[PDB]
Every structure is written in C-alpha cells, then in structure tokens.
Undergrad: 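Encoded as structure tokens, here's the structure I'll be asking about.
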4 protein chains.
Amino acid sequence: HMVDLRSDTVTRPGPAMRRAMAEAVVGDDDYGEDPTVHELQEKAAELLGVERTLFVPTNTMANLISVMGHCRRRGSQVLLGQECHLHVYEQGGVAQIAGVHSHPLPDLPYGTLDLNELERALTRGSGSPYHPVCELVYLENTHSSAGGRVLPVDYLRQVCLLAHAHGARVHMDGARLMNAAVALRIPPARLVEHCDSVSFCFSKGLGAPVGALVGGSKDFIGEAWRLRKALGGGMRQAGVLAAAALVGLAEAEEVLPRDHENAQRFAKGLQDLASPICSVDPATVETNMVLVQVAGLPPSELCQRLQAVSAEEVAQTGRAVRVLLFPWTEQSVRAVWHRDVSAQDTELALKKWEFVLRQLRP
Amino acid sequence: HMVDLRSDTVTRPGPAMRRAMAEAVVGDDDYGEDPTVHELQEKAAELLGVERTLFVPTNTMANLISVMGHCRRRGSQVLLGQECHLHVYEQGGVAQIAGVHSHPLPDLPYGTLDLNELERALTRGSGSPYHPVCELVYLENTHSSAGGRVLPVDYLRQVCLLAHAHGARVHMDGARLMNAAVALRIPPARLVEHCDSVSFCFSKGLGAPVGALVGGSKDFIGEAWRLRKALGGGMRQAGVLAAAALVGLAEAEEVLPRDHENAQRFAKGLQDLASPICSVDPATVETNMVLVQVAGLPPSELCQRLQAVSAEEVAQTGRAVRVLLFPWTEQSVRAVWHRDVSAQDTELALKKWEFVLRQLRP
Amino acid sequence: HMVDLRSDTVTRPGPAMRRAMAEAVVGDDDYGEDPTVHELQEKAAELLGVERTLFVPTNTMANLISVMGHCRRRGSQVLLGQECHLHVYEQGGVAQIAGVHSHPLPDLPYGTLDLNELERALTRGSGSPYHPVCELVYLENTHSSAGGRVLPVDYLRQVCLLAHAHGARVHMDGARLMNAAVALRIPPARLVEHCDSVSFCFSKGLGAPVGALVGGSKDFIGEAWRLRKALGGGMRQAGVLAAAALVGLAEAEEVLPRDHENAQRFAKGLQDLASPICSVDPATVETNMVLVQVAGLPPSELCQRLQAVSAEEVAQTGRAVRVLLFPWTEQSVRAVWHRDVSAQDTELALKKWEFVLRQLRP
Amino acid sequence: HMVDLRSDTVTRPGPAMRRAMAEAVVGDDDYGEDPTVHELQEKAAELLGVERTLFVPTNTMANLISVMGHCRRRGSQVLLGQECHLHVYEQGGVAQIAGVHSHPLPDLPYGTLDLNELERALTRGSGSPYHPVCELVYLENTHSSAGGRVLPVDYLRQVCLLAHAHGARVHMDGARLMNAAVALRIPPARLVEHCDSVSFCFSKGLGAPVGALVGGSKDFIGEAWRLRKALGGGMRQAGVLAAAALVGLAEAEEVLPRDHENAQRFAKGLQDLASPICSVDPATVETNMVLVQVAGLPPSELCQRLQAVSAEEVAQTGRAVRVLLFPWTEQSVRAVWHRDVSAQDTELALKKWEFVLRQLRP
Ligand code: NA
Ligand code: NA
Ligand code: NA
Ligand code: NA
C-alpha cells in the first residue's frame, strides 16, 4: 500500500473525468472555437466573480501572465511575500521573462503581510522617479509555504484599500482558492471581490490532469491572450482538458471538505501520540495541509522511514503502508491531502507514524 | 456540408485518440512520474535521432525554449528567415521573452536561405566585438509561409557546415517535419541528423488535441526542463495528452500521404479550370498546402464566397459546401489539408470553387 | 604625418572647447542643478524644434532610450533599416536590453525605405493580435552605412504620414543630423518637424569629446530620465562636457561645410586618376563621407598600404603621409572627414593614393 | 552662506581638475586610443588589486555591468541586501535590464548580511532544478543606507568562503570604498582581495565631475566591454573625464580623512546639545555620514528649517547658514560630508542646528 502525501498535484483522473475528456465537444481554442473551453471559462467567470477568464496550461503561466499584464511599465515593481510560490518556486520568472522588480515582504506565519510594512513600501516610491513604480500586490490564498493558511476576507479588504490608494492593482494566486473558500464556508467570489485579477489551478485539489486559468476584467483577459500566445500556451483542442476541469469544479464542495477532515483527524491522532520527536498543532491545520515539526531527526530521514517498509512494521501494525512525504523546512515536513487519499489511508499512515516514531523514540 | 481548409490545426480527436486519453496511465510529469509522457518522449527520440525529448504544450514554446537554450549569451543573435514562423507569428518572443537579436534573411520562394548571404552574415560578426555573437541558425521544415515547401537534405547539410564552421548551432522548426519526411520518402531522422535541436508538433497533421516536444542532446533537454518550468509548461498529468499524441505518431506515415494527394488533386483540378482569376502550379504543391494565386478579386472576398452558400450553388452543383480558407498574401490564399478532409470533400470543394469562379468569370 | 579618415569620432577637443570645460558652471545633473547642461539642453531644444532634450553619455544610449520610451508595449516592434546603426553596430540592444522585436527593411542605396514595403509592414499586423504591434519607425539622417546620404524632407514627410496613419511614432537617429541640414542648406528643425523624437551626437562631426542627447516632447523626455538613470547615464557634473558641446553646436555652420568640400575635392581628385582599381562617383558624396569602390585589391590591403610609408613614397611624392581608413564592405572602403583633417591633409592623402594606386596598377 | 550636506556627489571640480581636463591627451576610447583613460584604468588596477578595469559613465552602470557579467544564466539569482543601492535606487535594473532575480536579505544595522540566512539561501537552491541558480553575492562597502558603515575584512572573507563553496561569485559595490579604506587605515586592495569584481566611483568623495569603473579579471573586463558598449557607455574622448579622476584618486588619502573628522565633530557637537529632539551616537559615524535621529518633528520639516534663514537666526548666531540635508528614514535625516564642506562650515552648521533645535525645544 502507498499513501502519497507529498502534494495535491498527484491527483489522477477519475472515471467521470476520463469519460468527460473523451466525450468533449472540442475546437481550436486559438481561433476561439473550442466550446468546452468556452464553458469552463464562463462557469469559472461566475464562480470567481470576474468578467472573463482564460484557460492556461499551468498556474505558473497564469501568474506569469498576470504579472506581465499588470506590471507593464518599464521599471515596475511587484510587492509579494517572501515565501510565496511566485518568489520561490517559479524560476524567478518575474525577472527572467517579465523583467519586473520584486520587493518581497515577510509573511511566513499566517500568509499575511504586515499592513504597516506594506504601507511603508507602497509610499517609499509613491512619486519619486528614483524608485520603481509598484503596480501589483501579489497575494496567495491559501498560502502553501505557511501550511495552507487561509487569508481572511477582512485582511483582503485592507490590502486592496492600501494598494488601490497608492495606485497599484491586486492579484491573488488562487492555486488553492477553493480550499480557502471551503474552510471559510463562503462562496469563492467573496474572496475575489477584493482583487483585480486572480489565478486558479485545476490540477491540484480539484483532481484535473492539466489546466488553470487567469481571471479579471475583459480587457485584462484580452491582453492576456497575447501573453498566453507569446509564452507558448495557445493550445488548440484544449476542450479535452477543460472537460475534466468542469467535473472537478462541480465536485469541489464535496471532495475538499473530506481532505480537510482527514488533515484534522491526522493532526489530532498525531498529537494524541505525545511524541518528543514530532509535534503538530491541530489548529494550524486550516485546510488540507499539516506541517509536522520534527526534532532530533532530520526531516529527510523521517520521510525515508515513513516511505520504507520493514518486517517489524508487519509485526506491530500488520500492514505495509508506504507514506510518501516532502521535507519542507529544516525542522518540519509537509503533508497535503487530496481526493486520492482515503480516510482509511489516513488511519493507515497514522499507524505507520506510530511505528516509525517508536523506533526513534529518545 | 463544410470543408475546413484554413489550417491543419483544426484536427479533432478520433475515437482511438479519445479512448487512449481515458485509458492513460498518468502521473506527475513534473516529478517525472507520468509513464505515458516518458513513452512518447522515448519513442520520438528514436524517431528523430535525438538523445532526449521534452513534451511541451505548444510548438511555440518548443521553439522559444530552443532559442533560449541556444542563444544564451548576452549579445547573441539568431539567423532566421524573413517569413518564418518565429519571426512573424510568435509575438516577437525571441526579443520580448528571450531577449535575443534577430537578423532575418530572405526565404520566400523555396523556404531556403541564400548560403551566400548566410556566409556573409556568419562572417560579419565572427570575431568582431562590435557585433552580436551569432549562436543559432533557425530553419523551418516544412516552410509554412512558402506553402509547405520541403527543405532538401543537401541544403540542410550545407547550412550546418557553414554554421558549425563559424561556431553556431542549428535548430529546425519541425512543426510539419512529418509532412516533409513523407514527401521525401525518408525516415525523419535523416533530416534531423544535420541539426543540433529540433521541434515537433503533434497538434497539426498528426491529429492530437494538444502537444509538442523539443528534441536534442540530453544536456540541451536538461536545460530545457527549467525553461519549460519557467515559461509555464510544466504540466502534471500530461500523459492524458501524450496518449493521443502516440496514436498520431503511429498513424502519420499513412494519414499524411492522403493529405498530400488531396492537395495535389485539388491543385490539378483548379489548373484544369484554366481560369484567369485563379492560378496554381501543381508542382509548387510539395506537401499538404496549396497556395492559390488570386487575380481580379481581393483574396478576402474569394474566401467569403467559398464559405457562403446561395440558392444558385444548389442549382449548378447540387450541394451546399462551405469551403473555409484564409487569405494568405495580398494576391493569394492558402489551403491546408488534414485527416478530417476526405477525398470526396476535396472534390466537393473543387465544385464549390468552379461555381464561385464562374460567377465572376471576366 | 598622419591623416585619420577612419571616422569622425576621433575629433579631439580644440582650445575653445578645452577652456569651456575648465570654465564651466557645473552642478549635479541628477538633481537638475547643472546650468551648463541646462543651457545645452535648451539651446538644442530650439535648434531641433523639440520641447525638451536630455543630455546622455552616447548616442547609442540616446537611441536605446528612444526605443524604450516608444516601444513600451509587451510585444512591440520597431521598423528600421537593414544597414542602420541600431540594427548592426549596437549589440542588438533592441532585444537584449529593450526586449523589442525588430523588422528590418532594405535601405542600402540612398538610406531610404521603400514606402510600399513600409505600408505593407505597417498594415500586416495593423490589428491582428497574432503579430507584434509596430510602434516606432526608425530613420537615420544621414545614413552612415550608405555613405552619409541625406534623407530628403519630402521622404521624411511621407514616412510620418504612413507611420502616423497606422498609429506608430517616428524617431530619427540624428547622429549626423547637422551634416544633413548643412547639405540641404535648411535649418535643422525642418528635418525634425517630421518626427516625434530625435537623437543628436556631439562627439562626431561637432568636435566634442563626449556627449549626446534625446529630443522630443516634454513627456517623452521626462520618461527618458528614468531610462537614462536605469541604463547608467545619470551623470552628476556633466556641465563640463556640455560646455564643449555648446562650442561645437555654434561652430557647425562653419566647420561642417569644410568637411563636405574636402570630401568632394578628394572624390574629384580620385576620379581624375582614372584607375581601374579604385572608383568613386563624386555625386554619391552628399556629405563628409566618400565610399571608394575597390576592385582587384582586398579593401583591407588597400588600407594597409595607405597607412604604410615606404622610401619610394618619399621618392615620388616627397612626404610621408599615413592615410588611415576602414574597409567598409567586401569591395569598398569608407573615408570620413572632420575638422581635424585639413585641406592640405586632403591633398596629401590624394598623393598618397596616387603612389599606392600606381604600385598596384594592373 | 550655504552648506550642502545632502550628498557627496555635489563635489565640484577644483582648479587642478579643471586644468587637467583641458590639458588631457585624449583619443578614441572606443578604439582603445585614449591614453589618459588607459592610465586611470591601469592605476586603479594596481590600487584595487584587480587585473583590469573599465572606465564607465556612472557606478550605476558599473554595477549593472557586473550583475550582467556574473548573473548570465537563464534562471540566475543575485543575493543582495534589502537596503543596498542596487535593490532600492537603481530602478530595478537587475530585472528590467539584466533580467536577473533578486533575493534580498536584511542588512539595515551594520550593512552586513546574516551569514546564517546567507548559508540557508545559498543551500536552498544549491542543486535543486526548482530554484534559480544563485551566481552572485552583492555587497556594499561602505553601506550608504546604513550610514556609511564599514564592512570588516573578516566579514568579507567569510562571505566569499560561503559563496565560493556553493559556486557563487562576490561583487563589491565600492561606491565609497575609499571612505572604507581610510577608516580601516588599510590599502584598498585588502578589501577587494575577497572579491571577484568591484565597483569604484570617482564622482562622489574623490571630487571628479563624471566617472566610475568596473574592476576584475581580464576576462570579466573583456566581457564588460560589450556590456558597456550595449548599455550606452562607450564614450570616445573620455580622457577628458579620466584626467580629473586621476587627480582625485591621488588626493583621496588626504581629503577623505578630513570629511570623516568633520562628520565625527558634528555628531559630537550635536551630542553635546542633549536635545530630546535630535540624537546621534558618534560611534555609529564610521565614515563621512551622520544619521541623525529625529523625534517630535517630521524629518522633512527639520530639513526645511535648516535650509531656511530668518531674522532671528542672524540675531542669535550672527550668520545666515543654509544647511542642505535630505530626510532619510521616517525618523531620521542623513548628512554626508565632502571636500567642498570646510571645517568651519561644519561649525556653522552646528550653530544653525542649535538655533533650529532651540526654537522648537519642548
Ligand atoms: Na492533478
Ligand atoms: Na489538432
Ligand atoms: Na569626438
Ligand atoms: Na562630483
């Protein structure tokens, strides 16, 4: 048995998705003739509260397009977080493709930026021609590096007021925006109301194989077409991929709560072990991610034992569970849940954790 | 009835493709865990005679990655054709994304570059620190703007000898490389032997919904991984798309000849009309493209009548055929054939052409 | 003795210039406090018929700033000549710094672009989102690679009408704009009336050691300040350099005619030699440049003998004149006159030419 | 009377400089024919312990060239300080011109980077293909935003050891490197030994009108020639500017100590006032900069009164001193000394400060 808790991208297509792709009325998206792409775009337009949307291959390109479509002035700056995906895990494309300066701000605890330091950054070069013009504030809901932490609607409101005052636009990396709205029990459009543009991934928690989109005003999405074309994302018969995305877009309000519940149950069960090696605050688990603090054991070696299977595991637990994880920081590991991790898989991992912890118990 | 001859991109998935997508063993390609992507990559590596390949969303990104991975020096130049796809229909991404200077050379007749002007250009900045360092010679086989003209193997050899002498690499835009190998009756690797890297489109004549790849040495493809990731093409479960691509890769050497025959038959049938309005030399038709010279009628109005249907069309011909075409030059229109145009569709178009020409015969 | 006819950049400061630099009321140009910079900027503003000007280190940066300030849209194109300085001798900075696509057009004979091919290029992507947006037409008066050929006021008018129709701006590389206006006997502002922006070099024919400027509307020059700052041209006490430039700006209408007369006299004297090796049409000499066609002798080797001095030269001519030149094409060499070449130096070179030609006379 | 303490850039040419410019043996530096440029370059090479140097218009271009010549890989990162000049006051040219990602680290107190956060950053993407390749560590000696704080030789050594271990190069922004070497009483080459490249400004404390240079190995400076040419800094007769630079380079080890003494004396005199409004620790004054902490008064209004002159100022002090200063932070102002501020000017400022403080003493 294998429980892959490394990321929510490993979701494989389900039966409904696989048929939807093969039963998809397709066309040339470059000519604007794929109806299944057109459906996904307009369904997500109402879901996200934006005028238009634009299907893109990845959410990485979705962010790259947004930065390029907002930060167009030569000498423009984006205000972003120090541990957001755009700054860390996107090859620095803000500079090597967009040519836009980045001023990162701290946000590690709760995925939020200090609105005082935001005001300080938005005002330092508010008019001076000696400083780059900050034209975009980049937010991440949920924040992946912080542990899937939800950004409150109130924090979203304040950021925009501060940004829109100093003449800057607001984009939200909504790679896990459905996870945030599921946790807050609010419609997803209430989080995007306080934004100019948004990104949205289908390949993560929703279960789709490939797909993402940019959302915003009709003009911003119209300018986004040329940027998607130039970056290499002008696919032809992409209604094959939009069909599976439409299925997961409809199954979000029933699949994602299960991943949050499995995350909470795991965090509780791991806390009920009281081990000096591993510590988890079940209240930090806001969505489908559990950040486990490891002490005394290198996070890489803990993952190695959770993935390994020994005869003694079959002695105490009875099963052979290979728990797959990623070491996140130097003292922590990250587990992420999805629709392909069952609730009994969650219990199987907890028992694998029990065995592993006891073997390395101080 | 409707015959879409605007481009070979409008190829829609067949039943075998649609089943292959839904029956695909998929995984996270970003982690290198999609086996169907690995299969398509390894099959095309042997087909093209390259060490490795890399599945990308479009051939536009495949070309962009090749330029970026070859023209890396600050102050680098690419030698390309004046009417090649990279120079005209890719939003100038060689400059706005790659930051690479372009020196275009004429290529309109046969898709070939004058080896004298190439040698002169390769020598002007061979050592001078006042000129950019030419690091890539960009070729297009087949050449789309010229009418799918095939580049001879000997011409390919000479270009490399001239380039490899002055320390430049050779990339071939093989968006229609399978069409070239079918016309030349040679395996595709014999055209790529005289290259460092190559591009290869699946979404055109091969019938796939989405997909392309970059080919070359293992080192070049390893550098291509970061460029695909940074440009936004690092998809996750892309074995869904690779599965349909594998079907078209196996059906190419039997589907594309039918498209060449339909193109030749159409050009002949148009030549057997002897009309002063339209003229086509059936010897210029080397592949699946027919460049029709228009006289007396603006090329846009010819396309409008071929798509339109009138009561008199049902009087003279008996059917209602909507032939879809794109005006190409100021005095010509471009027709491109694919697997979704049947041989009787070609005859239906020829009859629609007859009617249109006869109404405005002067 | 030495007559350097390689370029007009080798002009060394005169006595009036050297005192003007040492007697210059200077200040911090970055703070806008250098009055000698302010004087040169406003004097050139009236001279060129522009609202404002901006002193820059080189004319290379002046062009780079103009392209950046006009071609600001992501996916913008500049229409320029194939043998203009921006395309050939500026390290392809239109792409590697500005990130702007370049569509070069032929202009070799008279430095003019075929207005039909200009219309064709300005219309091909006039609205299509598949093509880059042409936002700048780049002209060169005089054209250096063509042999200092003057662009007529009428040709300037037509280009602008064609450009301003399709919503593009016009910049003129006026590195030798005073040479053009001196030849046409018109004030320099009459050539810039048909332009949006202009460049202007002081280090060439005017005699200054360092300096250039960008001219245009007050907004374009205000946006140019940030671009000059970012590229590294925000000098501090540059009134030292502006003072020498103001001297040459006042001495242009008395120094430059002498360089044109010496060029014509040389071309005549060389034509009155009737040598099969060298040929010069004295009517192609429009300004201070003479393009000498060489046949039977590699242009590099002719320059080597003109620079060399032998005992036999002292036998036939009596003097030891080292004529310094540049081989320009594969069958031509380029001579350029300036204020540091005297009229007797011109006669000394012609005699050195006589001797050299006779030694290699077929 | 007027004391300009806003920056050390306002240094105006002295008589020896003004004579040196007018007595300069100049030539075309682009052809490598300006001997005075060659002299300044060779003298600074021995002074800084580098193989070669390259005269550039500004130190902004010198830094831009260094970043471009080090951070050349597509997907490269520079490790720099959060308040360093490259990150704040250079229009983000690291991205909008160089296309290089920036990971800034805190440095506000002592201008030093936390070697733990540096090691952590140098290891996060030491091999991972998901992270940009860190190729340059950027240091600033002295650190301008921190108040001219000197970086110790030992701290410089450790940074290189950490960088050279993880395969990164070290560049030092030596805009005020002579101020650092005067404070440390060491030859300047001992600070540059722990570097690959360095920058060096002449227009600041040294007194020159215009000029700076890049230093490093012969190969790095050879690559710097094309970058200086492409950015627009390839001047012709720059021995005019190099001549004045040679004067300040020889007068540095006797002029800069006077500026350090005036800064210390001022800070002491301000400390001997014991005012609740303004506070300065004279031990933070390491060079020619005094960071004055302001309380109760917005820093802008303090500068307005120090520049203003009233009848009561002539009543209490007897003179009319206009002290020119820049508000630096939200609670501080920055004073910088240079050769054009005399020791009695410092006493006149201190008396102007006394008056201003006493009027608003609470
Ligand atoms: Na997925
Ligand atoms: Na297709
Ligand atoms: Na000069
Ligand atoms: Na100065």
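No hydrogens, no waters, no symmetry mates; every other heavy atom, side chains included, goes into these values. Quick note on labels: first sequence line is chain A, next is B, and so on, each numbered from 1.
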Undergrad: Working to the nearest 0.5 Å, report the span between CZ of B:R358 and CG of B:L273.
TA: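 It comes to 10.0 Å.
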
Undergrad: Can you check whether B:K352 reaches B:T317 side chain to side chain, under 4.5 Å on heavy atoms?
TA: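 No, their side chains stay 4.5 Å or more apart.
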
Undergrad: Could you give me the CA-CA distance, side-chain angles and deciding distance for B:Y138 and B:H87, then say whether side-chain contact (heavy atoms from CB on, under 4.5 Å) is met?
TA: CA-CA 10 Å; B:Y138 192 91; B:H87 186 67; over 6 Å; no

Undergrad: Which one of B:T112, B:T287, B:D107 satisfies the side chain to side chain donor-acceptor pair (under 3.5 Å) criterion with B:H143?
TA: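 Of B:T112, B:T287, B:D107, side chain to side chain donor-acceptor pair (under 3.5 Å) with B:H143 is met by B:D107 alone.
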
Undergrad: For the residue pair B:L231 and A:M61, establish whether any side-chain heavy-atom pair is separated by less than 4.5 Å.
TA: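 They are not in contact (no side-chain heavy atoms under 4.5 Å apart), so the answer is no.
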
Undergrad: Does any donor atom in the side chain of A:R236 or B:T9 lie under 3.5 Å from an acceptor atom in the other side chain?
TA: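 Their side chains do contain a donor-acceptor pair, which is all the 3.5 Å distance test asks for.
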
Undergrad: Would you indicate whether C:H166, at its atom NE2, is surrounded by more than 12 heavy atoms from other residues, nucleotides or ligands within a distance under 6.0 Å?
TA: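 Enclosed.
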
Undergrad: Does a side-chain heavy-atom distance below 4.5 Å link B:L177 with B:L48?
TA: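 Yes, close enough: below the 4.5 Å cut-off.
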
Undergrad: Could you tell me whether B:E23 and B:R19 make a salt bridge, using a distance below 4.0 angstrom between a side-chain N and a carboxylate O?
TA: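 Answer for the salt bridge query: no.
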
Undergrad: Do B:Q96 and C:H101 meet the criterion of a side-chain donor-acceptor pair at a distance under 3.5 Å?
TA: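 Side chains of B:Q96 and C:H101: no pair found under 3.5 Å.
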
Undergrad: So do the side chains of A:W225 and A:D30 get within less than 4.5 Å of each other, counting heavy atoms only?
TA: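 Side-chain contact under 4.5 Å: yes.
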
Undergrad: May I have the list of side-chain donor-acceptor pairs in residues 319-330 of chain B shorter than 3.5 Å, sequence neighbours left out?
TA:
| residue | atom | partner | partner atom | Å |
| --- | --- | --- | --- | --- |
| B:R322 | NE | B:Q307 | O | 3.2 |
| B:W328 | NE1 | B:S145 | O | 3.3 |
| B:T329 | OG1 | B:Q331 | N | 3.0 |
| B:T329 | OG1 | B:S332 | N | 3.0 |
| B:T329 | OG1 | B:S332 | OG | 3.1 |

Undergrad: What do the steps show when you test B:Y89 against B:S144 for side-chain contact (heavy atoms from CB on, under 4.5 Å), and what is the final call?
TA: CA-CA 11 Å; B:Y89 302 100; B:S144 178; over 6 Å; no

Undergrad: Roughly how far apart are B:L47 CG and B:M178 CE, rounded to 0.5 Å?
TA: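 It is 4.5 Å, given to the nearest 0.5 Å.
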
Undergrad: Which of these passes side chain to side chain contact (heavy atoms under 4.5 Å, CB included) with B:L297: B:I277, B:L357, B:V333?
TA: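 Looking at B:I277, B:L357, B:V333, the match for B:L297 under the side chain to side chain contact (heavy atoms under 4.5 Å, CB included) is B:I277.
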
Undergrad: May I ask you to say whether B:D8 pairs ionically with B:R176, meaning some side-chain N is under 4.0 Å from a carboxylate O?
TA: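 Salt bridge: yes.
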
Undergrad: Are B:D340 and B:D4 packed together at the side-chain level, in the sense that at least one heavy-atom pair is separated by less than 4.5 angstrom?
TA: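 Sidechains of B:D4 and B:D340: no contact.
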
Undergrad: Indicate yes or no: at least one non-hydrogen side-chain atom of B:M235 is less than 4.5 angstrom from one of A:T58.
TA: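 B:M235 vs A:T58: side chains touch.
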
